[PDB]
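In what follows, a single structure is set out as structure tokens and then discussed.
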Amino acid sequence: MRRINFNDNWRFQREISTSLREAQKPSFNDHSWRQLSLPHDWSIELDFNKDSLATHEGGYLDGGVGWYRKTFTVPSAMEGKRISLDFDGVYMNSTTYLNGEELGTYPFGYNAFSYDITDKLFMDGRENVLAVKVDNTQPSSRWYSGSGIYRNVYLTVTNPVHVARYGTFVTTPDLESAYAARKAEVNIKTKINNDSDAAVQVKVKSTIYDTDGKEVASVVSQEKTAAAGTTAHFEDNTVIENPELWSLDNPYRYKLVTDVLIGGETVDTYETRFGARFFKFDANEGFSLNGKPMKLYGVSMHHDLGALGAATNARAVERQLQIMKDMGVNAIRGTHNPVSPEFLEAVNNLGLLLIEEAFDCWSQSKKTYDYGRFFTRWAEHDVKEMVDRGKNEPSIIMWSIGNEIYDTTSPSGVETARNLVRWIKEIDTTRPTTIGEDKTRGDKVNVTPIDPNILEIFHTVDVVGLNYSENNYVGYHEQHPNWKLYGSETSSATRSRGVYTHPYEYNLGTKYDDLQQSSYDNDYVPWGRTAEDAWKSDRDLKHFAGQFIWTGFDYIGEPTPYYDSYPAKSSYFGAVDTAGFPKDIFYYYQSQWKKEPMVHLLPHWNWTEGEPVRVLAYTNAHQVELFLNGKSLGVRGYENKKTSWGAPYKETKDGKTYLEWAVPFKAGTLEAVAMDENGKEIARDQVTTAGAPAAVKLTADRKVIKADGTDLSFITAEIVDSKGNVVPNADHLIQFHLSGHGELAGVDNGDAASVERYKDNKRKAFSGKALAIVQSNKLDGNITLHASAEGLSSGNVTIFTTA
Ligand SMILES: OC[C@H]1O[C@H](O)[C@H](O)[C@@H](O)[C@@H]1O
């Protein structure tokens with residue numbers, strides 16, 4: 001194989017009481033060290049520590065120094081091959097050693113890096129010792145980073161003359177024009193490294209295959225010299241007749257196979273997946289993909305996977321992005337760092353657009369040990385690494401040079417901005433540059449005069465991202481009629497799943513004794529807005545390309561507004577909780593963003609007889625009729641309204657994007673019947689009063705998973721009454737017992753204020769529910785999960801694994 005999985009047979013230890021500096025030496029004794037496979041996040045395995053140097057910001061989980069070692073032999077069948085050690089990502093400030101010699105140091109925690117080890121390996125089946133020091137001295141992060149080799153590790157094995165790392169660049173110049181003539185013109189730029197000790201003459205064959213693997217185009221380059229130790233550059237054009245475009249509904253990808261030819265002999269082969277798609281940000285019309293106008297329905301996403309921590313997992317990140325697509329999302333912002341290759345694969349396969357963001361700081365640090373201290377020497381390397389990694393990915397539409405960068409008020413920030421945009425454009429000119437900027441917010445009411453340095457930075461990027469700055473959406477468009485504006489960061493409303501507090505009070509950045517936030521879209525940070533208010537400001541403007549809400553998913557750390565308020569340790573900003581369980585606001589976004597008729601009632605229906613409950617319906621239906629125990633409580637209706645250019649939306653005469661009743665509580669069944677303008681029923685939702693807790697009910701999202709050692713089944717554990725209604729406030733401790741061909745990868749409940757372990761075999765329900773994550777091993781067969789709780793009836797589910 002050209003790329004080998006190098007995840008297995010590692011040893012790990014944290015540096016605690018005594019120095020591990022000796023662990024670089026091959027001879028060091030690691031026989032007592034823990035044995036594990038990568039990927040690995042050592043922080044997520046630890047108990048929460050209220051005294052952690054990570055503070056609340058990093059979720060009260062310790063980092064510090066840790067060491068990985070791997071002792072291995074090289075097969076005879078690899079002599080005279082080029083071998084690189086490839087890390088997808090190590091958080092952070094790592095130093096790698098082979099056979100006691102330093103290969104290098106890599107500061108940045110969120111990029112891949114590679115070391116050529118061809119001339120450093122012992123090839124004779126003698127023992128090689130690889131040592132990685134990971135230095136996450138804290139505080140380094142405004143959110144939960146994780147610590148360690150949290151992404152995949154590979155060997156790349158090639159002949160001395162080979163396609164370079166990221167050695168292909170497949171583009172579709174003027175695709176709109178070509179597509180109107182029933183083709184895609186495909187431009188292919190190929191880099192060939194000659195790592196041999198002698199010049200060669202080289203040709204490149206480029207063959208394009210469709211998803212079925214039928215050849216659809218091919219082209220052979222001219223012959224070119226590649227001197228010893230140099231790169232030859234090739235550029236070839238070809239045509240796909242009647243191309244299949246990559247789109248949100250049809251995320252179709254072709255495969256380029258590159259053959260490296262020396263004297264008619266193939267010495268290397270290399271595959272590149274790519275898609276044919278065009279898009280445009282328009283200063284007056286907003287965004288379009290392949291000529292289809294649309295708003296960016298976007299979310300921000302951090303890199304953690306909840307109970308998995310930072311340790312990457314293809315199924316887990318795919319599940320996150322499936323849930324976002326189900327909310328009606330079409331676009332993601334990789335806040336605030338390059339995403340994993342598993343994340344890229346998910347947006348490519350699911351049909352989601354992606355803004356890739358390089359930096360959370362430039363030179364000026366946000367946290368003592370963040371990247372700021374490395375930026376002036378490493379920025380050019382890290383920004384080009386992001387662009388070079390991703391340039392063939394159809395999902396990526398924009399490169400962000402930074403988020404909320406303090407430097408952008410200084411002449412130093414202007415020179416940096418110009419450098420970053422120039423370095424990006426040396427790698428790729430086919431996607432706009434952007435920035436996420438918060439320092440124009442001002443008083444939140446009046447159009448803010450732009451700082452002169454920020455203004456020159458807004459002229460330097462191709463597309464201007466505003467953070468929390470609704471007061472400028474119109475004024476900046478009128479003052480700067482060639483600007484392409486979108487909301488790079490919006491709302492930051494805070495909410496807890498199944499919590500319905502201060503129903504008629506709209507509070508800014510307010511803490512409560514419950515350590516929760518309300519799901520009546522009525523808690524939000526002082527710089528932010530309600531979900532509704534951030535959306536209305538966007539909805540009403542054609543020129544405004546769309547927005548990226550803070551956030552899609554909850555993440556570990558930043559428990560705002562509970563600053564330094566242990567055990568508040570993870571976020572409230574997500575539409576969906578860390579366990580992948582939707583909050584009520586998930587249904588508000590469905591109601592604004594999706595066409596398929598839906599209706600969603602809140603709150604739950606376990607109250608006290610007589611109490612006037614605030615009842616909301618999130619719906620995209622014209623009207624809803626509410627029923628209590630089969631009797632009508634009244635119709636509520638929207639007006640069918642039109643934006644200033646005639647885009648239709650539903651809103652009440654009072655400006656609300658939701659429907660509302662005040663209901664004197666009576667136990668039983670509350671039902672919402674959603675109807676069109678003609679009174680025809682198009683959707684229904686109900687909530688029932690739950691009785692005493694009686695059972696634990698298990699539901700697997702997938703009952704059949706692959707026996708590959710990494711695939712996952714996500715098991716919901718609910719507390720139900722004797723009729724199987726979920727008990728909306730239940731908090732019972734669930735004890736999980738797994739048997740069979742699997743292990744429990746983690747447990748969670750989405751409770752921001754829990755300091756229960758993620759890496760454990762028990763978890764309290766939170767608002768009725770907990771999660772168990774089951775992982776397969778390499779042997780096929782059966783997994784059984786048993787869930788018990790004191791005084792209730794147990795739950796059981798079987799997972800089947802196929803090989
Ligand atoms: O207090 C922290 C917050 O302060 C500022 O107002 C920023 O705009 C916001 O994004 C930041 O995280």
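Each chain in the structure tokens gets a letter, A, B, ..., in the order shown, and its residues are numbered from 1; ligands are numbered from 1 in order too.
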Could you write out, as a count of residues only, all the residues of range 512-651 of chain A that DSSP marks as alpha helix (DSSP H)? 18
All strand (DSSP E) positions in range 118-310 of chain A, as a short mmCIF file (atom, residue, chain, number, x, y, z; two decimals) with N, CA, C and O atoms, in the first residue's frame:
```
data_model
loop_
_atom_site.label_atom_id
_atom_site.label_comp_id
_atom_site.auth_asym_id
_atom_site.auth_seq_id
_atom_site.Cartn_x
_atom_site.Cartn_y
_atom_site.Cartn_z
N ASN A 128 13.62 -0.14 15.65
CA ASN A 128 13.54 1.35 15.54
C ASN A 128 12.75 1.88 16.76
O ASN A 128 11.72 1.26 17.09
N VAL A 129 13.18 2.99 17.37
CA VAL A 129 12.42 3.60 18.50
C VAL A 129 12.02 5.03 18.13
O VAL A 129 12.89 5.95 18.07
N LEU A 130 10.71 5.20 17.99
CA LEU A 130 10.03 6.49 17.73
C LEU A 130 9.53 7.03 19.06
O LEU A 130 8.85 6.28 19.78
N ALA A 131 9.91 8.26 19.42
CA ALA A 131 9.51 8.97 20.66
C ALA A 131 8.90 10.33 20.30
O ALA A 131 9.57 11.10 19.58
N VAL A 132 7.69 10.61 20.79
CA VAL A 132 6.98 11.90 20.57
C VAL A 132 6.71 12.52 21.95
O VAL A 132 5.97 11.91 22.74
N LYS A 133 7.31 13.67 22.20
CA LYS A 133 6.99 14.53 23.35
C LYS A 133 5.87 15.47 22.91
O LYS A 133 6.03 16.13 21.88
N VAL A 134 4.79 15.48 23.66
CA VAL A 134 3.63 16.39 23.43
C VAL A 134 3.61 17.35 24.61
O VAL A 134 3.58 16.89 25.79
N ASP A 135 3.62 18.63 24.31
CA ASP A 135 3.73 19.64 25.36
C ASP A 135 2.50 20.53 25.30
O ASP A 135 2.58 21.56 24.66
N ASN A 136 1.44 20.15 25.99
CA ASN A 136 0.25 21.01 26.13
C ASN A 136 0.33 21.66 27.52
O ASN A 136 -0.56 21.44 28.34
N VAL A 153 -2.23 8.49 12.43
CA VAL A 153 -0.79 8.49 12.08
C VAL A 153 -0.60 7.43 11.00
O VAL A 153 -1.25 6.36 11.07
N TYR A 154 0.21 7.76 9.99
CA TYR A 154 0.45 6.94 8.78
C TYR A 154 1.95 6.89 8.49
O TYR A 154 2.71 7.79 8.96
N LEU A 155 2.35 5.85 7.75
CA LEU A 155 3.58 5.85 6.92
C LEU A 155 3.18 6.03 5.47
O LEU A 155 2.20 5.39 5.06
N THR A 156 3.89 6.89 4.73
CA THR A 156 3.74 7.03 3.26
C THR A 156 5.01 6.38 2.68
O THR A 156 6.09 6.76 3.13
N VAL A 157 4.82 5.39 1.80
CA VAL A 157 5.86 4.50 1.21
C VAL A 157 5.76 4.61 -0.32
O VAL A 157 4.71 4.35 -0.87
N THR A 158 6.78 5.16 -0.96
CA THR A 158 6.80 5.37 -2.43
C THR A 158 8.19 5.02 -2.94
O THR A 158 9.16 4.94 -2.12
N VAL A 161 10.95 8.38 -7.03
CA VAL A 161 10.32 9.42 -7.88
C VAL A 161 8.82 9.24 -7.73
O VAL A 161 8.34 8.15 -8.02
N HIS A 162 8.11 10.27 -7.26
CA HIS A 162 6.74 10.10 -6.71
C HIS A 162 5.96 11.40 -6.77
O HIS A 162 6.57 12.48 -6.79
N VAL A 163 4.65 11.31 -6.79
CA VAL A 163 3.80 12.51 -6.60
C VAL A 163 4.11 13.04 -5.19
O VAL A 163 4.34 12.23 -4.23
N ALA A 164 4.29 14.34 -5.11
CA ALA A 164 4.66 15.04 -3.87
C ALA A 164 3.48 14.90 -2.88
O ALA A 164 2.34 14.67 -3.34
N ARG A 165 3.74 15.16 -1.61
CA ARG A 165 2.68 15.37 -0.58
C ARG A 165 1.80 16.49 -1.11
O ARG A 165 2.34 17.50 -1.48
N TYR A 166 0.49 16.29 -1.14
CA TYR A 166 -0.51 17.22 -1.73
C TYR A 166 -0.12 17.58 -3.17
O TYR A 166 -0.43 18.69 -3.63
N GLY A 167 0.42 16.60 -3.91
CA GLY A 167 1.08 16.85 -5.21
C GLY A 167 0.13 17.10 -6.38
O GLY A 167 0.64 17.38 -7.49
N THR A 168 -1.17 17.04 -6.20
CA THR A 168 -2.12 17.33 -7.29
C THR A 168 -3.00 18.52 -6.92
O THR A 168 -3.29 18.75 -5.73
N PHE A 169 -3.42 19.25 -7.94
CA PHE A 169 -4.39 20.36 -7.81
C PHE A 169 -5.32 20.30 -9.01
O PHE A 169 -4.91 20.73 -10.14
N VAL A 170 -6.52 19.79 -8.77
CA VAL A 170 -7.58 19.58 -9.79
C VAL A 170 -8.59 20.71 -9.68
O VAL A 170 -9.25 20.80 -8.64
N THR A 171 -8.76 21.47 -10.74
CA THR A 171 -9.69 22.62 -10.79
C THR A 171 -10.61 22.45 -11.99
O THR A 171 -10.34 21.61 -12.89
N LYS A 183 -20.13 20.26 -20.60
CA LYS A 183 -18.84 19.69 -20.15
C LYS A 183 -18.35 20.33 -18.85
O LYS A 183 -18.88 21.33 -18.40
N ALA A 184 -17.33 19.72 -18.26
CA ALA A 184 -16.45 20.35 -17.25
C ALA A 184 -15.05 20.36 -17.83
O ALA A 184 -14.55 19.26 -18.13
N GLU A 185 -14.43 21.53 -17.98
CA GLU A 185 -12.98 21.63 -18.31
C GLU A 185 -12.23 21.43 -16.99
O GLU A 185 -12.56 22.15 -16.03
N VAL A 186 -11.34 20.45 -16.94
CA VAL A 186 -10.56 20.01 -15.76
C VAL A 186 -9.10 20.35 -16.00
O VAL A 186 -8.48 19.79 -16.94
N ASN A 187 -8.57 21.27 -15.18
CA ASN A 187 -7.15 21.69 -15.19
C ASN A 187 -6.44 20.88 -14.11
O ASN A 187 -6.93 20.88 -12.97
N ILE A 188 -5.37 20.17 -14.45
CA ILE A 188 -4.62 19.33 -13.48
C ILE A 188 -3.16 19.81 -13.41
O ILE A 188 -2.43 19.75 -14.45
N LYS A 189 -2.73 20.21 -12.22
CA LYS A 189 -1.34 20.60 -11.92
C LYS A 189 -0.76 19.55 -10.98
O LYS A 189 -1.40 19.23 -9.94
N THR A 190 0.35 18.96 -11.40
CA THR A 190 0.94 17.78 -10.71
C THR A 190 2.38 18.11 -10.35
O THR A 190 3.10 18.63 -11.23
N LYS A 191 2.77 17.84 -9.11
CA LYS A 191 4.14 18.02 -8.62
C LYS A 191 4.75 16.65 -8.45
O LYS A 191 4.23 15.88 -7.64
N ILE A 192 5.89 16.42 -9.10
CA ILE A 192 6.64 15.14 -9.01
C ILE A 192 7.94 15.44 -8.31
O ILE A 192 8.65 16.29 -8.79
N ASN A 193 8.22 14.79 -7.19
CA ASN A 193 9.51 14.92 -6.49
C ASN A 193 10.44 13.82 -7.02
O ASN A 193 10.00 12.67 -7.07
N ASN A 194 11.68 14.17 -7.33
CA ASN A 194 12.75 13.19 -7.58
C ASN A 194 13.61 13.19 -6.32
O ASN A 194 14.46 14.09 -6.19
N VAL A 200 16.07 12.46 -13.70
CA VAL A 200 15.25 11.57 -14.58
C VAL A 200 14.43 12.43 -15.53
O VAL A 200 14.31 13.67 -15.31
N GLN A 201 13.90 11.78 -16.56
CA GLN A 201 12.87 12.32 -17.47
C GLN A 201 11.56 11.66 -17.06
O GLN A 201 11.54 10.41 -16.88
N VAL A 202 10.52 12.47 -16.87
CA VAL A 202 9.24 12.00 -16.27
C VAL A 202 8.09 12.54 -17.09
O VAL A 202 8.14 13.69 -17.51
N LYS A 203 7.06 11.72 -17.22
CA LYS A 203 5.74 12.05 -17.81
C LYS A 203 4.69 11.78 -16.73
O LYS A 203 4.88 10.82 -15.93
N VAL A 204 3.55 12.43 -16.83
CA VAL A 204 2.40 12.16 -15.93
C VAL A 204 1.19 11.74 -16.76
O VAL A 204 0.79 12.50 -17.60
N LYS A 205 0.63 10.56 -16.46
CA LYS A 205 -0.72 10.20 -16.97
C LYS A 205 -1.77 10.46 -15.89
O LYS A 205 -1.73 9.84 -14.82
N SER A 206 -2.73 11.27 -16.28
CA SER A 206 -3.93 11.66 -15.52
C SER A 206 -5.14 10.96 -16.13
O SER A 206 -5.51 11.35 -17.25
N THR A 207 -5.77 10.05 -15.38
CA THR A 207 -7.03 9.38 -15.79
C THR A 207 -8.15 9.73 -14.79
O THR A 207 -7.96 9.51 -13.57
N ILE A 208 -9.29 10.22 -15.29
CA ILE A 208 -10.48 10.52 -14.44
C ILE A 208 -11.49 9.37 -14.58
O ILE A 208 -11.78 8.96 -15.73
N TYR A 209 -11.91 8.83 -13.42
CA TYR A 209 -13.00 7.84 -13.25
C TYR A 209 -14.20 8.46 -12.52
O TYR A 209 -13.98 9.32 -11.65
N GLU A 215 -13.88 4.98 -16.73
CA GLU A 215 -12.99 6.06 -17.23
C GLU A 215 -13.84 7.10 -17.96
O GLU A 215 -14.69 6.69 -18.73
N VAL A 216 -13.65 8.39 -17.70
CA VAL A 216 -14.43 9.47 -18.39
C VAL A 216 -13.51 10.49 -19.07
O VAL A 216 -14.05 11.37 -19.75
N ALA A 217 -12.20 10.45 -18.87
CA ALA A 217 -11.22 11.36 -19.50
C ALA A 217 -9.83 10.86 -19.17
O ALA A 217 -9.67 10.09 -18.20
N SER A 218 -8.84 11.25 -19.97
CA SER A 218 -7.42 10.97 -19.67
C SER A 218 -6.56 11.95 -20.47
O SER A 218 -7.09 12.58 -21.40
N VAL A 219 -5.32 12.13 -20.05
CA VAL A 219 -4.36 13.05 -20.72
C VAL A 219 -2.97 12.68 -20.20
O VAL A 219 -2.82 12.37 -18.97
N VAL A 220 -2.01 12.63 -21.12
CA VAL A 220 -0.57 12.41 -20.82
C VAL A 220 0.13 13.76 -21.01
O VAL A 220 -0.18 14.47 -21.97
N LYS A 224 9.36 15.94 -18.89
CA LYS A 224 10.15 17.04 -18.29
C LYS A 224 11.25 16.44 -17.46
O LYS A 224 11.14 15.27 -17.07
N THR A 225 12.32 17.21 -17.27
CA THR A 225 13.49 16.82 -16.45
C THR A 225 13.09 16.97 -15.00
O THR A 225 12.43 17.94 -14.71
N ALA A 226 13.43 16.03 -14.14
CA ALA A 226 13.39 16.26 -12.68
C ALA A 226 14.81 15.98 -12.18
O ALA A 226 15.19 14.79 -12.11
N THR A 230 14.78 17.60 -6.63
CA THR A 230 13.97 18.75 -7.07
C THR A 230 12.59 18.26 -7.43
O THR A 230 12.40 17.04 -7.50
N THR A 231 11.69 19.20 -7.63
CA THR A 231 10.28 18.98 -8.01
C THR A 231 10.09 19.42 -9.46
O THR A 231 10.45 20.56 -9.75
N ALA A 232 9.55 18.57 -10.32
CA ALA A 232 9.06 18.96 -11.66
C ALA A 232 7.58 19.30 -11.54
O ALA A 232 6.87 18.58 -10.80
N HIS A 233 7.10 20.27 -12.33
CA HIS A 233 5.71 20.80 -12.30
C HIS A 233 5.07 20.50 -13.66
O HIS A 233 5.73 20.84 -14.68
N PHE A 234 3.87 19.91 -13.68
CA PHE A 234 3.15 19.56 -14.93
C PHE A 234 1.79 20.25 -14.91
O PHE A 234 1.28 20.49 -13.81
N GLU A 235 1.24 20.58 -16.06
CA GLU A 235 -0.12 21.17 -16.17
C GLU A 235 -0.77 20.60 -17.43
O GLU A 235 -0.21 20.79 -18.50
N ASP A 236 -1.89 19.91 -17.29
CA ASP A 236 -2.58 19.16 -18.37
C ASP A 236 -4.04 19.58 -18.28
O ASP A 236 -4.47 19.96 -17.17
N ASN A 237 -4.75 19.66 -19.41
CA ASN A 237 -6.21 19.96 -19.44
C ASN A 237 -6.93 18.75 -20.04
O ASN A 237 -6.31 18.03 -20.83
N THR A 238 -8.14 18.47 -19.58
CA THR A 238 -9.01 17.41 -20.14
C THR A 238 -10.45 17.86 -19.94
O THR A 238 -10.67 19.01 -19.49
N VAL A 239 -11.38 17.01 -20.35
CA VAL A 239 -12.82 17.35 -20.44
C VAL A 239 -13.59 16.15 -19.89
O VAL A 239 -13.17 15.01 -20.18
N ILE A 240 -14.57 16.42 -19.02
CA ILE A 240 -15.64 15.46 -18.65
C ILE A 240 -16.87 15.86 -19.46
O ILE A 240 -17.34 17.01 -19.31
N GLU A 241 -17.33 14.97 -20.34
CA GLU A 241 -18.58 15.15 -21.13
C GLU A 241 -19.74 14.92 -20.17
O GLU A 241 -19.63 13.97 -19.38
N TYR A 254 -15.68 12.58 -8.54
CA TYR A 254 -14.80 11.83 -9.48
C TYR A 254 -13.51 11.48 -8.76
O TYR A 254 -13.22 12.10 -7.67
N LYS A 255 -12.76 10.54 -9.33
CA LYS A 255 -11.41 10.14 -8.84
C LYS A 255 -10.38 10.32 -9.96
O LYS A 255 -10.58 9.74 -11.08
N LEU A 256 -9.36 11.13 -9.68
CA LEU A 256 -8.13 11.24 -10.52
C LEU A 256 -7.14 10.17 -10.07
O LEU A 256 -6.80 10.13 -8.88
N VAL A 257 -6.68 9.35 -11.02
CA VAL A 257 -5.51 8.46 -10.82
C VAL A 257 -4.35 9.05 -11.63
O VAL A 257 -4.51 9.32 -12.84
N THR A 258 -3.26 9.36 -10.93
CA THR A 258 -2.03 9.95 -11.49
C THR A 258 -1.02 8.82 -11.60
O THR A 258 -0.75 8.20 -10.57
N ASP A 259 -0.53 8.53 -12.81
CA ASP A 259 0.59 7.56 -13.03
C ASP A 259 1.85 8.37 -13.36
O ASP A 259 1.79 9.25 -14.23
N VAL A 260 2.94 8.10 -12.64
CA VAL A 260 4.28 8.70 -12.85
C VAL A 260 5.08 7.74 -13.74
O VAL A 260 5.34 6.59 -13.30
N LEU A 261 5.43 8.19 -14.94
CA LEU A 261 6.03 7.35 -16.02
C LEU A 261 7.48 7.77 -16.20
O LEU A 261 7.72 8.95 -16.42
N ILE A 262 8.40 6.82 -16.08
CA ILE A 262 9.83 6.97 -16.44
C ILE A 262 10.12 5.86 -17.46
O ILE A 262 10.00 4.67 -17.08
N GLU A 265 7.55 3.11 -17.95
CA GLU A 265 7.25 2.29 -16.74
C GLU A 265 6.59 3.16 -15.66
O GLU A 265 7.10 4.26 -15.37
N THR A 266 5.52 2.65 -15.06
CA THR A 266 4.81 3.31 -13.94
C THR A 266 5.67 3.15 -12.68
O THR A 266 5.88 2.01 -12.24
N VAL A 267 6.16 4.24 -12.10
CA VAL A 267 6.98 4.15 -10.86
C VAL A 267 6.16 4.66 -9.66
O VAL A 267 6.60 4.45 -8.52
N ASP A 268 5.03 5.33 -9.88
CA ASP A 268 4.16 5.77 -8.77
C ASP A 268 2.74 5.91 -9.30
O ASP A 268 2.57 6.32 -10.47
N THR A 269 1.77 5.64 -8.43
CA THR A 269 0.33 5.91 -8.65
C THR A 269 -0.25 6.58 -7.40
O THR A 269 0.16 6.23 -6.29
N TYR A 270 -1.17 7.52 -7.60
CA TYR A 270 -1.65 8.47 -6.57
C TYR A 270 -3.06 8.87 -6.96
O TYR A 270 -3.28 9.19 -8.13
N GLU A 271 -3.99 8.84 -6.00
CA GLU A 271 -5.43 9.08 -6.25
C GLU A 271 -5.82 10.44 -5.66
O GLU A 271 -5.35 10.75 -4.58
N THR A 272 -6.66 11.19 -6.36
CA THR A 272 -7.23 12.45 -5.85
C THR A 272 -8.74 12.47 -6.12
O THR A 272 -9.12 12.44 -7.29
N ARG A 273 -9.55 12.51 -5.07
CA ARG A 273 -11.01 12.70 -5.20
C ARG A 273 -11.25 14.20 -5.30
O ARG A 273 -10.55 15.00 -4.63
N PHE A 274 -12.19 14.57 -6.13
CA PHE A 274 -12.50 15.97 -6.39
C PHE A 274 -13.93 15.99 -6.88
O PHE A 274 -14.49 14.94 -7.31
N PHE A 279 -19.28 28.39 -7.56
CA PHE A 279 -20.06 29.17 -6.56
C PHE A 279 -19.64 30.61 -6.65
O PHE A 279 -18.58 30.91 -7.18
N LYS A 280 -20.42 31.48 -6.05
CA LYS A 280 -20.13 32.92 -6.13
C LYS A 280 -20.70 33.59 -4.89
O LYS A 280 -21.86 33.33 -4.55
N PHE A 281 -19.90 34.45 -4.26
CA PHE A 281 -20.40 35.51 -3.37
C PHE A 281 -20.59 36.76 -4.19
O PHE A 281 -19.61 37.22 -4.80
N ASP A 282 -21.80 37.30 -4.16
CA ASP A 282 -22.21 38.51 -4.89
C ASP A 282 -22.52 39.60 -3.87
O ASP A 282 -23.27 39.35 -2.92
N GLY A 286 -25.95 38.02 -2.77
CA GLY A 286 -25.53 37.00 -1.79
C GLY A 286 -24.93 35.79 -2.48
O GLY A 286 -24.26 35.94 -3.50
N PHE A 287 -25.17 34.61 -1.92
CA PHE A 287 -24.43 33.39 -2.31
C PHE A 287 -25.27 32.58 -3.30
O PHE A 287 -26.50 32.63 -3.23
N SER A 288 -24.58 31.82 -4.14
CA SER A 288 -25.14 30.83 -5.08
C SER A 288 -24.14 29.69 -5.20
O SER A 288 -22.94 29.95 -5.16
N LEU A 289 -24.63 28.46 -5.34
CA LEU A 289 -23.81 27.27 -5.63
C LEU A 289 -24.30 26.69 -6.97
O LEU A 289 -25.54 26.47 -7.11
N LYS A 292 -27.35 28.23 -8.34
CA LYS A 292 -28.59 28.22 -7.51
C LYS A 292 -28.45 29.19 -6.34
O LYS A 292 -27.62 28.95 -5.48
N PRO A 293 -29.21 30.31 -6.27
CA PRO A 293 -29.15 31.23 -5.15
C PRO A 293 -29.64 30.52 -3.88
O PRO A 293 -30.52 29.69 -3.95
N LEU A 296 -26.57 30.95 3.15
CA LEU A 296 -25.75 30.05 3.99
C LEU A 296 -26.47 29.86 5.34
O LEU A 296 -26.61 30.83 6.13
N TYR A 297 -27.01 28.66 5.55
CA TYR A 297 -27.62 28.21 6.83
C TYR A 297 -26.51 27.53 7.59
O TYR A 297 -26.31 26.32 7.38
N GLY A 298 -25.72 28.31 8.33
CA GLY A 298 -24.43 27.80 8.80
C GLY A 298 -24.38 27.56 10.30
O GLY A 298 -25.06 28.25 11.05
N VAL A 299 -23.46 26.70 10.73
CA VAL A 299 -23.16 26.55 12.16
C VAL A 299 -21.65 26.60 12.31
O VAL A 299 -20.94 26.13 11.39
N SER A 300 -21.21 26.99 13.49
CA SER A 300 -19.83 26.85 13.96
C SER A 300 -19.72 25.51 14.67
O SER A 300 -20.71 25.07 15.32
#
```
Which residue gives the smallest distance to residue 251 in chain A among A:400, A:330, A:348, A:32, with only C-alpha atoms counted? A:348
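When only C-alpha atoms and all ligand atoms are used to compute distances to ligand 1, the closest of the residues A:560, A:147, A:754, A:537 turns out to be A:560.
With a cut-off of 8 Å and using only C-alpha atoms and all ligand atoms, the polymer residues contacting ligand 1 are residues 404, 438, 439, 441, 467, 468, 526 and 527 of chain A.
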